[PDB]
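**Student:** Below: the sequence, then the experimentally determined structure.
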Amino acid sequence: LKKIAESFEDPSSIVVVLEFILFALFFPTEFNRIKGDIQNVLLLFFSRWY
Amino acid sequence: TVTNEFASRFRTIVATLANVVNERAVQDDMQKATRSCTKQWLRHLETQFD
């Protein structure tokens, strides 16, 4: 995955999450190929929000 | 660690102070805008500390 620097302060940051979801939908295969590197971003989003 | 424990402790401290400043603002009927601004400032502190 091309690196994504996101802190997830403001709720608008959800854009990034939605991006991945769309990428999971349009390109399930490629997403399967990069989903760990995606999970590093989501772990930040989750540790921040939940 | 994926996550810095010192930073996470600062997130808990800040969550506490946030609910504190909030409880004050509702006690003093403070305008929603200024409250959201104090919260955005606290979140920013969290990202900075992280």
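**Tutor:** On my side now, so go ahead. Residues are numbered from 1 along each chain as shown, chains lettered A, B, ... in the order given.

**Student:** When you work out contacts or count neighbours from here on, use the C-alpha atoms and nothing else.
**Tutor:** Will do.

**Student:** Just the helices from chain B, written as ranges.
**Tutor:** Under the criterion DSSP state H, chain B carries helices at the ranges B:5-27, B:32-49.

**Student:** For those, please prepare CSV with the additional fields mean neighbour count and distance to residue A:16.
**Tutor:** Formatted as CSV, those follow (neighbours: other CA atoms under 10 Å in any protein chain shown; distance: least, CA to CA, whole Å):
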stretch, mean neighbour count, distance to residue A:16
helix B:5-27, 14, 22
helix B:32-49, 15, 17
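
**Student:** Setting aside sequence neighbours, what's the nearest residue to whichever residue of chain A sits closest to chain B?
**Tutor:** Using CA to the nearest CA, the single residue of chain A nearest to chain B is residue A:9, 5.8 Å away. Leaving aside its chain neighbours, residue A:9 sits nearest to residue B:43 (5.8 Å; criterion: CA to CA, 6 or more residues apart in numbering or on different chains).

**Student:** For residue A:49, see how far away the one you found is.
**Tutor:** Applying CA to CA, to the nearest Å, one obtains 11 Å for the distance of residue B:43 from residue A:49.

**Student:** do the same with residue A:26
**Tutor:** According to CA to CA, residue A:26 and residue A:49 sit 26 Å apart.

**Student:** swap in residue A:34?
**Tutor:** The value you get for residue A:34 to residue A:49, if CA to CA is used, is 23 Å.
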